[PDB]
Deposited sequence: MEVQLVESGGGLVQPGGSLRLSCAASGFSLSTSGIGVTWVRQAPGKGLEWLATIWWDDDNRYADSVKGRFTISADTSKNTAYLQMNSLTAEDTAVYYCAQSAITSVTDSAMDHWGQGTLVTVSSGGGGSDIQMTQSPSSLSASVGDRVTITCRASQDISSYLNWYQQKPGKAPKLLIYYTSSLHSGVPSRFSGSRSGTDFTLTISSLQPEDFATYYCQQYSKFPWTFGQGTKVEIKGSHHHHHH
């Protein structure tokens, strides 16, 4: 019977490195046609293929780990490895190895990368249709307290974003007074009092309470009828 035994996980500080091991028994890594694969699963999420190494020493990798992870094997110890550099919280996951369909799996080893959580901005609506002269109201919800550290931008196709409002409610010079911003707790609102033709565009909120700076997904303000 085949057994795969993983080790090497644990707590690692961001920017650090780890080497995971996958020790095989009941079969030999050097045998023609055998490969070992690494797959990971972030907490509460699905499965992500990372890398595969074959008897012939040929290997394949996933894009999300290009340049940072290296798969290898030691036939002498019948063990495969995953070297992981420049780790971040996005690499927190249970890491599995499997023999190759993937029939036999290791038990998993948890890698936790940490020293807070990224701030998520939930912008609504995704899109809206309106007419010239309408009042337009766009909102953003921060996943945690960000004080008043929120900006609003406008973007038109093919152009860079344009700053409208900073620090929740301060109108930047040159921006028309029909634009205003407010907040109530973690709920932020951009209001266009009377929509003008030049205001059809996409709008984004952006928090700067902490790094990473994060944007809402955008709201497209479109002409009624398309």
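Residues of the deposited sequence missing from the coordinate set occupy positions 1, 102-109, 125-127, 239-244.
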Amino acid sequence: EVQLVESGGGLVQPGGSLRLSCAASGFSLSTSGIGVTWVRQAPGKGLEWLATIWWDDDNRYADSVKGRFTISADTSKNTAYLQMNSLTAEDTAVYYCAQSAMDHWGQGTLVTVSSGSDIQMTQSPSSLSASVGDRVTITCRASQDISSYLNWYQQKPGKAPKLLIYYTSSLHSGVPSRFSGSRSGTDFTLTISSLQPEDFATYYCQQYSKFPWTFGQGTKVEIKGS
From here on, numbers count along this sequence of modelled residues.
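Across the two stretches, 104-112 and 67-75, the PDB entry reports the greater mean Cα temperature factor for 67-75.
Comparing the deposited coordinates for 152-160 and 80-88, the stretch with the larger average C-alpha B-factor is 80-88. Among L50, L29, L171, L190, the highest C-alpha B-factor recorded in the PDB entry belongs to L29. Residue-level inspection of the entry shows that, of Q206, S209, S25, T202, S25 has the top Cα B-factor. In the PDB entry, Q41 places in the lowest third of its chain by CA B-factor.
Among all modelled residues in its chain, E6 ranks in the lowest third by Cα B-factor.
When all modelled residues of the chain are sorted by CA temperature factor, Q123 is found within the lowest third. Among all modelled residues in this chain, the alpha-carbon of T137 has a temperature factor (C-alpha) in the lowest third. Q13: CA B factor lies in the highest third for its chain, per the PDB record.
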